[PDB]
Amino acid sequence: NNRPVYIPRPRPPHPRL
Amino acid sequence: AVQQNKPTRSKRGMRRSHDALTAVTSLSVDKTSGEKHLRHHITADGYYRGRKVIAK
Amino acid sequence: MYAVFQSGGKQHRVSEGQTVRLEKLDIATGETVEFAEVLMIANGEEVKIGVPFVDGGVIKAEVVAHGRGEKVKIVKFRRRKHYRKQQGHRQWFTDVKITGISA
Amino acid sequence: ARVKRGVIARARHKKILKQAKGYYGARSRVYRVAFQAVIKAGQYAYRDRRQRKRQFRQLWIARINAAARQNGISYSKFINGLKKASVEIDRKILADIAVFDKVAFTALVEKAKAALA
Amino acid sequence: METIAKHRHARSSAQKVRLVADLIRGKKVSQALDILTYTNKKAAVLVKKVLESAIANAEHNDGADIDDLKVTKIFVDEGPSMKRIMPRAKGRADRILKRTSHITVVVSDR
Amino acid sequence: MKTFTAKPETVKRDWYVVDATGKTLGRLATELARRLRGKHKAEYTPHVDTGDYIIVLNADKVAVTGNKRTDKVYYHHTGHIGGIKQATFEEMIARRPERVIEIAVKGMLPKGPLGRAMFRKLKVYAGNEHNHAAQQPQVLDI
Amino acid sequence: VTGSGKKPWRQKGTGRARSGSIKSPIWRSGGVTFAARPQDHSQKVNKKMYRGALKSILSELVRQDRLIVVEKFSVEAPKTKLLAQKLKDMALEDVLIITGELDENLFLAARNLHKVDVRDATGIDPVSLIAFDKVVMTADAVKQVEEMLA
RNA sequence: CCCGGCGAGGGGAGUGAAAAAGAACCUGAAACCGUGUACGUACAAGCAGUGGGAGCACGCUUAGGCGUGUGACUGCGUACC
RNA sequence: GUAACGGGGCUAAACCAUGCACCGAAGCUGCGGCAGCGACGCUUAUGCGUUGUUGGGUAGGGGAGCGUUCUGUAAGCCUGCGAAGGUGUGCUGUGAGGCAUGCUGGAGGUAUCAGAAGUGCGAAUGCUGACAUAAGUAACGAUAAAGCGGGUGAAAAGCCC
Numbered sequence: 002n003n004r005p006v007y008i009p010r011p012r013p014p015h016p017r018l
Numbered sequence: 001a002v003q004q005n006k007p008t009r010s011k012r013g014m015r016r017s018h019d020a021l022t023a024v025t026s027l028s029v030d031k032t033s034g035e036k037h038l039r040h041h042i043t044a045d046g047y048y049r050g051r052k053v054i055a056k
Numbered sequence: 001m002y003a004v005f006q007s008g009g010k011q012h013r014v015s016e017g018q019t020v021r022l023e024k025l026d027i028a029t030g031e032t033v034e035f036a037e038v039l040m041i042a043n044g045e046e047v048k049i050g051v052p053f054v055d056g057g058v059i060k061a062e063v064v065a066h067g068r069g070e071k072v073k074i075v076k077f078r079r080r081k082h083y084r085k086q087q088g089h090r091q092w093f094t095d096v097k098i099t100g101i102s103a
Numbered sequence: 001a002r003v004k005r006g007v008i009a010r011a012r013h014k015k016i017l018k019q020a021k022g023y024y025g026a027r028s029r030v031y032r033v034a035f036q037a038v039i040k041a042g043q044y045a046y047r048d049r050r051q052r053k054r055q056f057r058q059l060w061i062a063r064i065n066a067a068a069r070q071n072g073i074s075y076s077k078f079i080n081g082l083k084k085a086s087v088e089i090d091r092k093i094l095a096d097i098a099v100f101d102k103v104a105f106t107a108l109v110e111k112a113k114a115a116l117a
Numbered sequence: 001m002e003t004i005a006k007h008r009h010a011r012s013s014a015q016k017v018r019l020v021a022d023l024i025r026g027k028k029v030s031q032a033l034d035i036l037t038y039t040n041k042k043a044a045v046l047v048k049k050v051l052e053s054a055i056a057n058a059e060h061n062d063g064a065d066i067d068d069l070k071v072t073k074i075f076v077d078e079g080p081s082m083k084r085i086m087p088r089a090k091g092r093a094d095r096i097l098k099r100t101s102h103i104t105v106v107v108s109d110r
Numbered sequence: 001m002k003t004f005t006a007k008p009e010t011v012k013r014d015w016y017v018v019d020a021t022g023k024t025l026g027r028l029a030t031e032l033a034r035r036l037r038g039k040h041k042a043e044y045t046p047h048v049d050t051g052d053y054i055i056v057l058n059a060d061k062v063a064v065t066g067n068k069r070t071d072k073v074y075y076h077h078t079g080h081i082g083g084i085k086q087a088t089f090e091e092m093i094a095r096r097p098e099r100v101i102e103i104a105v106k107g108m109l110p111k112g113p114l115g116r117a118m119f120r121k122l123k124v125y126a127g128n129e130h131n132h133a134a135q136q137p138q139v140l141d142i
Numbered sequence: 052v053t054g055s056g057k058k059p060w061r062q063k064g065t066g067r068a069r070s071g072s073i074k075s076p077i078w079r080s081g082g083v084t085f086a087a088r089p090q091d092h093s094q095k096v097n098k099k100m101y102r103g104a105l106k107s108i109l110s111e112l113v114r115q116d117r118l119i120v121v122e123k124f125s126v127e128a129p130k131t132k133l134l135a136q137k138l139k140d141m142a143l144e145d146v147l148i149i150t151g152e153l154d155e156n157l158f159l160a161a162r163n164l165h166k167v168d169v170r171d172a173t174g175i176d177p178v179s180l181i182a183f184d185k186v187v188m189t190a191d192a193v194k195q196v197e198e199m200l201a
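These protein sequence lines map, in sequence, to chains z, 0, R, Q, S, J and E. Heads up: the first sequence begins at 2 in the deposited numbering, then just goes up one per residue. Heads up: the second sequence begins at 1 in the deposited numbering, then just goes up one per residue. Heads up: the third sequence begins at 1 in the deposited numbering, then just goes up one per residue. Heads up: the fourth sequence begins at 1 in the deposited numbering, then just goes up one per residue. Heads up: the fifth sequence begins at 1 in the deposited numbering, then just goes up one per residue. Heads up: the sixth sequence begins at 1 in the deposited numbering, then just goes up one per residue. Heads up: the seventh sequence begins at 52 in the deposited numbering, then just goes up one per residue.
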């Protein structure tokens, strides 16, 4: 019952500038 | 591509209502052996239409 | 056989031999109550009030119960203002039995 | 002194659930959602304790208007005649009389007409 | 007469065995037996074994004459679930629930 | 004590006939709505259909004052790409004369299952002949 | 709390609430925002307050007649039976024996029994005085107590 | 002892105060999942509640409502921090 | 998508002057119930034969109270003809709550007044365990490919030849 140790880095956000 | 809110057990049951099966209700008794078998299928022992068909 | 009388600010339509739950009165539980303020006396022929409180009519009734009304909860809540208040109430009643109606 | 609050929490949750009993869906099963229902139910009850008086007044006025128009007079004229005749009867008893005994309402209407004219 | 019979810790899922149970719910013993025999489900044989156990119990531990017997109360219920970890993509880990169900068959003459 | 409330099972519904010839459309429709809702009865109940059955004849002869006969547009939408259609009073009378009366009475009536039930009693006939003589529908002078 | 100061997960990007250490009070197996410390609960009571309370409790006992003054109260032998008889004949069960001079015989007799206790005149406490329903006093003990109270 | 697959489990018998104390074993609630009962629901729109409210199913003294469940219809009513 | 009276619909059911009636709020009045504030006739640690008035409320300030662990009371009391917890019911108090009991349980609990809180959870993308949701859906993990016959076995396409 171990919590997920590794979580992938979030997908880069779409350019909103 | 994902649910905004959790559906309810009522909707779940309504959806599953159509998942129930239907009984064959077509048990046929052999003329000679008098055994129940699926219609247009050979009996377990190997008798179909009175005459034997499997010889085993 | 029915009559209309005002006892606690509200008119009650009562017939002979029936009990009516009305507003509490400072009266004993087994003492006949007289109500001379009657609005109409009804029979096969109808007599109406030309002036309030008829002329000589009166209602004779006997007190039966002196309990309280059913529980009612008063809940006051203000949305998004961090305010809620709770309160209960049980209005008092003095049930009486209408035994006699005069003319 | 460590104090365990499980019993008190369960008692309060059961109180809320029994207050909310009879609702549809999770409103009668989940305490977190049932709590909103009881507060909203109390607000509705508080509003209705006042709305009932005016709704019954509306119904009684409608019944009296129906009876008066059947007898051949308008509700406003009938009430004006009653006031001129100095009659303190209220809409509730008036509607009861109209519903049950027609002769009594006819007497009321004729006396009101006599007072008006 | 109760003559209960159950098979706890069954591998088949309750959601998938209730479908078979409904077919025989409230039918005669022989009709239920043949329906289960000729039903194309693993749950069919799984519940046919329980029905055979129940009818044998009625024969031996209770009154004879299985002819006038009906399956009055039958219901399928979930059982203890076993946790299994299945690797997924991107290193993500999900949990597989090996669901087990409890099936109970009650047969009575009346 | 408890106020009287009409029980639907013991409700007496009478049959009336109203002539639509030489009658104002709105003034007839409002009276029909009042009759359907039962506000003329001494036992009116808001939540019970205590009204009566009315048979309207000569619906095509209903009259509208002013230029409404030509400038009154009954719009409706079919719930489609552009399915908005407009029909004048003359066009509606030519196609079917009962629908104008039905729409007017439906608008007068309240909304909901109770309103639909009240509207269900109306039986509008274009001609002067009706097939409800078996119910003794005495004419109503209005 | 035994553990590590390492963050359970990186501060940003994770789909979980912000955390700084497993030792957080809102985490299982470790916490307590305000842990208790060994502290002295002793309360400062002035000698005047103590004397006033003692005099007041003695006056209340005298007014209620729960205080009894007797002559030399001693037990010949260190036997609890003798003390039990000497209390039962006088009809006293829950009583405090206060003696000017402590005697080993009486001390041993009353040590085992709980309904009867023995204390010196100097060694008296308002808690004990209020707890005990009855009090029996010797002349020397009364004189010493009065002299101490002044 | 029996069903079952020389299994698992269950049903009988016995031990045991208790076996819904059977080793997945003290007391054993909730979210969640079914069965049976009574009601409502397949022409009716929206914080799913409140006030009124006919009918139906259960027991009562009296023979009318009263205690509970359901509740068509109706006015109002756009969750919590 | 009619959409610039709310709609129906209205030639008065449109606008100006007047009048008489009615609907119209939690506003006022009538009754009952509760609490604070000042007075006088009296009770004098408190009732009032009373009187006038106040009682929407966030932040905030003041007062009065309900609930639980433990300690003294308490070697006293209930308790194996049934304690605690669990689960429904009827009363009761403006309230946090309190009382009794149908069934499970099985041996602990605790009256009144006081003393200290690790003393009350509905949220913090909170922590631990479990169960739903999607859902009996994707998928069952290189498109090199299985069939028949016999054998064991309760069951064979994947076990043996």
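We put the CB at the ideal spot given by N, CA and C, even for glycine.
Cβ of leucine 36 (chain S) within 8 Å of Cβ of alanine 44 (chain S)?
-> For the purposes of this step, residue 36 (chain S) is taken as residue 36 along the fifth sequence, with counting starting at 1. For the purposes of this step, residue 44 (chain S) is taken as residue 44 along the fifth sequence, with counting starting at 1. Yes.
Give the range of the alpha helix (DSSP H) segment to which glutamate 155 (chain E) is assigned.
-> Here residue 155 (chain E) is taken as the residue at index 104 of the seventh sequence, counted from 1. Taken as a continuous stretch (DSSP letters only), the alpha helix (DSSP H) holding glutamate 155 (chain E) covers 155-163.
Quick one: residues in its chain with C-beta nearer than 6 Å to the C-beta of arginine 88 (chain S), no 5 flanking neighbours on either side, listed in chain order?
-> Your numbering for residue 88 (chain S) matches position 88 in the fifth sequence. Within the same chain, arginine 88 (chain S) has close Cβ partners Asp94.
Report the three-state DSSP secondary structure of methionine 118 (chain J) (helix, strand or coil).
-> Looking up residue 118 (chain J) in the sixth sequence gives position 118. Helix at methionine 118 (chain J).
To the nearest angstrom, how far is it from the Cα of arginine 2 (chain Q) to the Cα of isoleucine 74 (chain S)?
-> Locating residue 2 (chain Q) in the fourth sequence gives position 2, where the first residue counts as 1. Locating residue 74 (chain S) in the fifth sequence gives position 74, where the first residue counts as 1. Cα to Cα, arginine 2 (chain Q) sits roughly 48 Å from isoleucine 74 (chain S).
Exposed or buried, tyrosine 44 (chain Q), counting other C-beta atoms within 10 Å across all chains shown (16 or more means buried)?
-> Locating residue 44 (chain Q) in the fourth sequence gives position 44, where the first residue counts as 1. Its Cβ having fewer than 16 others within 10 Å, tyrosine 44 (chain Q) is exposed.
CB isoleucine 61 (chain Q) to CB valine 38 (chain Q), shorter than 8 Å?
-> Working through the fourth sequence from its first residue, we reach residue 61 (chain Q) at position 61. Working through the fourth sequence from its first residue, we reach residue 38 (chain Q) at position 38. No, these two residues do not count as a Cβ contact at 8 Å.
Backbone secondary structure at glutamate 23 (chain R) - three-state DSSP | For this step, residue 23 (chain R) is matched to residue 23 along the third sequence. Strand at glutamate 23 (chain R).
Given a cut-off of 8 Å, decide if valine 29 (chain S) and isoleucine 103 (chain S) are closer than it, judged by their beta-carbon atoms.
-> Walking along the fifth sequence from the start, residue 103 (chain S) turns up at place 103. Walking along the fifth sequence from the start, residue 29 (chain S) turns up at place 29. Against a cut-off of 8 Å, the Cβ pair of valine 29 (chain S) and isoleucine 103 (chain S) comes out as no contact.
With 16 other Cβ atoms within 10 Å as the buried cut-off, status of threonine 189 (chain E) = As a position in the seventh sequence, residue 189 (chain E) is number 138, starting the count at 1. With 16 or more other Cβ atoms within 10 Å, it is buried.
Grab the span of the beta strand (DSSP E) containing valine 121 (chain E) for me, first residue to last.
-> Within the seventh sequence, residue 121 (chain E) is the residue found at index 70, counting from 1. Its beta strand (DSSP E) spans residues 118-121.
Terminal residues of the continuous beta strand (DSSP E) containing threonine 45 (chain J)?
-> Here residue 45 (chain J) is taken as the residue at index 45 of the sixth sequence, counted from 1. No beta strand (DSSP E) contains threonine 45 (chain J), which DSSP labels as neither H nor E.
Closest by CA to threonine 24 (chain J), which one among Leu122 (chain J), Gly112 (chain J), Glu98 (chain J) and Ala63 (chain J)?
-> Taking the first residue of the sixth sequence as position 1, residue 24 (chain J) is located at position 24. The option with the nearest alpha carbon to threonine 24 (chain J) is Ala63 (chain J).
Neighbouring residues, chain Q, relative to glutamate 46 (chain R) (Cβ below 7 Å) = Along the third sequence, one-based indexing puts residue 46 (chain R) at 46. Under the 7 Å cutoff, chain Q gives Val103, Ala104 and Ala107.
Are the C-beta of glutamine 11 (chain R) and some C-beta of chain Q separated by less than 8 Å?
-> Within the third sequence, the letter at position 11 stands for residue 11 (chain R). Chain Q contact via Cβ: present.
Every unbroken beta strand (DSSP E) inside the segment 84-128 of chain E [3 residues or more] = Those beta strand (DSSP E) runs which fall completely within the segment 84-128 of chain E and span 3+ residues are 118-121.
Member of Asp55 (chain R), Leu22 (chain R) and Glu34 (chain R) whose CA lies at the smallest distance from the CA of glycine 9 (chain R) = As a working mapping, residue 9 (chain R) is identified with position 9 in the third sequence. For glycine 9 (chain R), the nearest C-alpha among the options comes from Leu22 (chain R).
Three-way DSSP call (helix, strand, coil) for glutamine 135 (chain J) in this model | To locate residue 135 (chain J), count along the sixth sequence from 1; it is residue 135. DSSP places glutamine 135 (chain J) in helix when its eight states are reduced to three.
Below 8 Å between beta carbons: does that hold for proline 110 (chain J) and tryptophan 15 (chain J)?
-> In the sixth sequence, counting from the first residue as 1, residue 110 (chain J) sits at position 110. In the sixth sequence, counting from the first residue as 1, residue 15 (chain J) sits at position 15. No.
Can you name the residues that DSSP bridges to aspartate 19 (chain J)?
-> Mapped onto the sixth sequence, residue 19 (chain J) falls at position 19. DSSP, once it has assigned bridges, lists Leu57 (chain J) as partnering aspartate 19 (chain J).
Any chain J beta carbon closer than 8 Å to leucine 59 (chain Q) | The sequence position of residue 59 (chain Q) within the fourth sequence is 59, counting from 1. By this cut-off, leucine 59 (chain Q) is an interface position.
Could you list which residues in chain E have their beta carbon closer than 7 Å to that of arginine 10 (chain z), in chain order?
-> Within the first sequence, residue 10 (chain z) is the residue found at index 9, counting from 1. Result: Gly64.
The segment 31-50 of chain J: which residues have C-beta closer than 7 Å to a C-beta of chain Q, in chain order?
-> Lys39, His40, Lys41, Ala42, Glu43, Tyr44 and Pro46
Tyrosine 83 (chain R) - DSSP class collapsed to helix/strand/coil | Working through the third sequence from its first residue, we reach residue 83 (chain R) at position 83. Strand at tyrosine 83 (chain R).
Entirely enclosed alpha helix (DSSP H) segments - the segment 14-44 of chain S, minimum 4 residues = Entirely contained in the segment 14-44 of chain S, the alpha helix (DSSP H) runs reaching 4 residues are, in chain order, 14-24 and 29-37.
So, do the segment 20-36 of chain R and the segment 48-63 of chain R have three or more beta carbon pairs nearer to each other than 8 Å?
-> yes
Where the segment 19-37 of chain Q meets chain J: residues whose CB sits under 7 Å from a CB there | none
What's the call for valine 103 (chain Q), buried or exposed, on a 16-neighbour Cβ count within 10 Å?
-> Translated into positions along the fourth sequence, residue 103 (chain Q) becomes position 103. Of the residues assessed, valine 103 (chain Q) falls on the exposed side of the cut-off, its CB having fewer than 16 other CB atoms within 10 angstroms.
Considering only the beta carbon of each residue, do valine 18 (chain J) and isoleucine 142 (chain J) sit closer than 8 Å?
-> Indexing the sixth sequence from 1 puts residue 18 (chain J) at position 18. Indexing the sixth sequence from 1 puts residue 142 (chain J) at position 142. Cβ atoms of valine 18 (chain J) and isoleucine 142 (chain J): closer than 8 Å.
Please go through the same chain and pick out, in chain order, the residues whose beta-carbon is closer than 6 Å to the beta-carbon of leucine 147 (chain E), but skip the five residues on each side of it.
-> Here residue 147 (chain E) corresponds to residue number 96 of the seventh sequence, with the count starting at 1. Cβ neighbours of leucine 147 (chain E) beyond the five flanking positions: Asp168, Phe183 and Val186.
In angstroms, rounded to a whole number, what distance separates the CA positions of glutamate 16 (chain R) and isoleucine 41 (chain R)?
-> Position 16 of the third sequence, counted from the start, is the residue given in the question as residue 16 (chain R). Position 41 of the third sequence, counted from the start, is the residue given in the question as residue 41 (chain R). C-alpha of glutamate 16 (chain R) to C-alpha of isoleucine 41 (chain R): approximately 12 Å in a straight line.
Answer with yes or no whether the minimum CB distance from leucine 19 (chain S) to chain 0 is below 8 Å.
-> Along the fifth sequence, one-based indexing puts residue 19 (chain S) at 19. Taking Cβ atoms only, chain 0 reaches closer than 8 Å to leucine 19 (chain S), which makes this a yes.
Between the Cα of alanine 95 (chain Q) and those of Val33 (chain Q), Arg27 (chain Q) and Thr106 (chain Q), spot the shortest distance and give me the residue it belongs to.
-> On the fourth sequence, position 95 is the one that residue 95 (chain Q) refers to. It is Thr106 (chain Q) whose Cα lies nearest to the Cα of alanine 95 (chain Q).
For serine 76 (chain Q), which three-state DSSP category applies?
-> For the purposes of this step, residue 76 (chain Q) is taken as residue 76 along the fourth sequence, with counting starting at 1. Correct three-state label for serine 76 (chain Q): helix.
Exposed or buried, which one is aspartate 48 (chain Q) when buried takes at least 16 other CB atoms within 10 Å?
-> Along the fourth sequence, one-based indexing puts residue 48 (chain Q) at 48. Burial call: exposed.
Interface residues of chain z around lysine 90 (chain S) at Cβ under 8 Å?
-> Here residue 90 (chain S) corresponds to residue number 90 of the fifth sequence, with the count starting at 1. Result: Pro9.
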